[PDB]
Amino acid sequence: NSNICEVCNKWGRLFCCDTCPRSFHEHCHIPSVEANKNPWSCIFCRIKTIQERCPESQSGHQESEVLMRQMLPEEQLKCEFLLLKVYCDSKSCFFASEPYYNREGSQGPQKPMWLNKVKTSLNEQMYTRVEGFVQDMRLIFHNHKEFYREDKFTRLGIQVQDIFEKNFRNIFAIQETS
Ligand SMILES: [Zn+2]
Ligand SMILES: [Zn+2]
Ligand SMILES: [Zn+2]
């Protein structure tokens, strides 16, 4: 197994996957690494299993159909994995915890949103459709772009949104387009 967390790239108290060489901090894995379970399989491995069981699941889909899906166990897992892929980028730090807004010439968003809030909402089964999760994720970056206006720091929202969107297309097998 790797000697660093797959998500934050630090050593520490690491749990090792039994079916692949990845390792995790307890609360870096999503869901949080399970108490017992021998053997244990990481989220990467669980996602690969879904694909292998249903190879047609990789055929292209329309985004509108994906968003309307109910959050049954496989869609729950896919959203947890997508969230974890965002935390894998170091730039997620800017979006992880609760923000506050006090900048001359800007007003804070009407509906603040952050990654740890989406993480809690997934854990608490607060989303009934994929659309709820995706809307809160896109709201993070939209709030950031609107608040930071012409400051170059706006770019951090474009960067981490691009990681979200590429992973969304991959994980939910969105039909490739020009
Ligand atoms: Zn970690
Ligand atoms: Zn694994
Ligand atoms: Zn099948």
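Residues numbered from 1 in each chain as written, not as in the entry; some residues may be left out. Chains lettered and ligands numbered in written order. Heavy atoms only, no water. Residues with missing side-chain atoms left out of burial classes, pairs and counts.

## Topic: the coordination of the zinc ion (ligand 3)
Test applied: Donor selection uses N, O and S atoms within 2.8 Å of the metal (3.2 Å for Na, K and Ca). Since no water is included, sites may look incomplete. For every residue, the accessible area (1.4 Å probe, protein chains only) is compared with the maximum for its type, and the residue is labelled buried under 20%, exposed over 50%, or partly exposed between those bounds.
With distances of 2.3 to 2.7 Å, the protein atoms coordinating the zinc ion (ligand 3) are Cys 54 (SG) and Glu 56 (OE). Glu 56 gets classed as exposed once you look at its relative accessible area, which sits at 54%.

## Comments concerning the pattern of salt bridges
For clarity, the threshold we go by: Salt bridges are counted wherever a side-chain nitrogen of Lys or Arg sits within 4 Å of a carboxyl oxygen of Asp or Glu. Runs of H or I in DSSP of at least four residues are treated as helices and runs of E of at least two as strands, each being numbered from the N terminus.
For the structure shown, the criterion picks out 8 salt bridges. A salt bridge links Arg 103 to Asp 151; its shortest N-O distance comes to 3.8 Å. With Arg 103 in the loop between α4 (93–96) and α5 (115–123) and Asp 151 in the loop between α6 (130–148) and α7 (154–171), this residue pair connects regions lying 48 residues apart in the sequence. The class of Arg 103 is partly exposed, set by a relative accessible area of 29%.

## Considering the coordination of the zinc ion (ligand 1)
Filter applied, for reference: For a four-donor site, all angles between 85 and 135 degrees give tetrahedral; for four or six donors, opposite pairs above 155 degrees with the remaining angles between 65 and 115 give square planar or octahedral; all remaining cases count as irregular.
Within the protein, the atoms that donate to the zinc ion (ligand 1) are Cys 5 (SG), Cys 8 (SG), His 25 (ND1) and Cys 28 (SG), at distances of 2.1 to 2.4 Å. Geometry at the zinc ion (ligand 1) is tetrahedral, judged from the 4 donor atoms that bind it and their angles of 97 to 119° at the metal. Linear spacing of the donor residues for the zinc ion (ligand 1) on their chain is C-x2-C-x16-H-x2-C. Of the two residues, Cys 5 sits in the segment before β1 (14–16) while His 25 sits in strand β2 (residues 23–25), which places them 20 residues apart along the sequence.

## Re the domain arrangement of the protein
Heads up, the rule is: Reported domain spans reflect what an automatic or database domain assignment gives. Between two residues, a contact is recorded if the distance between any of their heavy atoms is within 4.5 Å. Accessible area that two parts lose when put together, with a 1.4 Å probe and added across both, is what the buried area reports.
Taken as a whole, the protein is organised into domain 1 (1–59) and domain 2 (60–178). On a C-alpha basis, the centroid separation for the pair domain 1 and domain 2 is 21 Å. Taken residue by residue, the interface counts 16 residues in domain 1 and 14 residues in domain 2. For the pair domain 1 and domain 2, the summed buried area comes to about 1,400 Å², and 74% of that belongs to carbon and sulfur atoms.

## As for the packing of aromatic side chains
For any pair of aromatic rings, geometry is given as the distance between the ring centres together with the angle between the planes. Stated precisely, the cut-off is as follows: Stacked, tilted and edge-to-face pairs are distinguished by plane angle, under 30 degrees for stacked and over 60 for edge-to-face with tilted covering the rest, among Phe, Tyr and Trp rings (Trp via its six-membered ring) whose centres lie within 6.5 Å. Counted as over-ring charges are cases with an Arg CZ or a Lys NZ within 6 Å of the ring centre that also lie within 35 degrees of the ring normal.
If you walk through the whole model with that rule in mind, you get 12 aromatic pairs. When the ring of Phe 24 is compared with that of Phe 44, the centres are 6.3 Å apart and the planes differ by 35°; the resulting orientation is tilted. Residue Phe 24 is found in strand β2, and its partner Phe 44 is found in helix α1 (residues 43–53); the two are separated by 20 residues along the sequence. With relative accessibility at 0%, the residue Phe 24 sits in the buried group. Considering the side-chain rings of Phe 168 and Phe 172, the 5.3 Å spacing of their centres and the 40° angle between planes classify their relative orientation as tilted. Connected via pairs of aromatic rings, a cluster forms that spans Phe 94, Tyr 101, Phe 147, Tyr 148 and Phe 153. Positioned above the aromatic ring of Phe 44, the side-chain terminus of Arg 22 is 4.0 Å from the ring centre.

## Here we look at the side chain of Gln 161
Position of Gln 161 relative to the elements: it lies in helix α7. Judged by relative accessible area, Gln 161 falls into the buried class, the value being 16%. When sequence neighbours within four positions are dropped, the list of residues in contact with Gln 161 reads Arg 138, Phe 141 and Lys 145.

## A look at the packing of α6 against α7
Describing two packed helices takes the angle between their axes plus the distance from one axis to the other. Going by this rule: Each axis is a line fitted through C-alpha atoms, taken for helices only over the stretch in contact, and angles between the N-to-C directions span 0 to 180 degrees. Relative orientations are named as follows: roughly parallel for angles under 35 degrees, roughly antiparallel for angles over 145 degrees, roughly perpendicular for angles from 65 to 115 degrees, and oblique for any other angle. By the definition used in this description, the sense in which the near helix is turned from the far one sets the handedness, with an anticlockwise turn below a right angle giving left-handed and a clockwise turn giving right-handed. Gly is put with the polar residues, along with every residue not named as nonpolar or charged; the nonpolar set is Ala, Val, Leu, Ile, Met, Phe, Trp, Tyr, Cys and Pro, and the charged set is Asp, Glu, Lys and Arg.
Between α6 and α7, whose axes approach to 8 Å, the crossing angle comes to 160°. Taken together, the axes of α6 and α7 are roughly antiparallel relative to one another. As for how α6 packs across α7, the hand of that crossing is left-handed. On the side of α6, the interface is formed by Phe 133, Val 134, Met 137, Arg 138, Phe 141, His 144, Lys 145 and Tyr 148, while α7 contributes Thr 154, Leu 156, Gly 157, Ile 158, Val 160, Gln 161, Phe 164, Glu 165 and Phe 168. A breakdown of the residues in the contact of α6 with α7 according to their chemical character gives 10 nonpolar, 4 polar and 3 charged.

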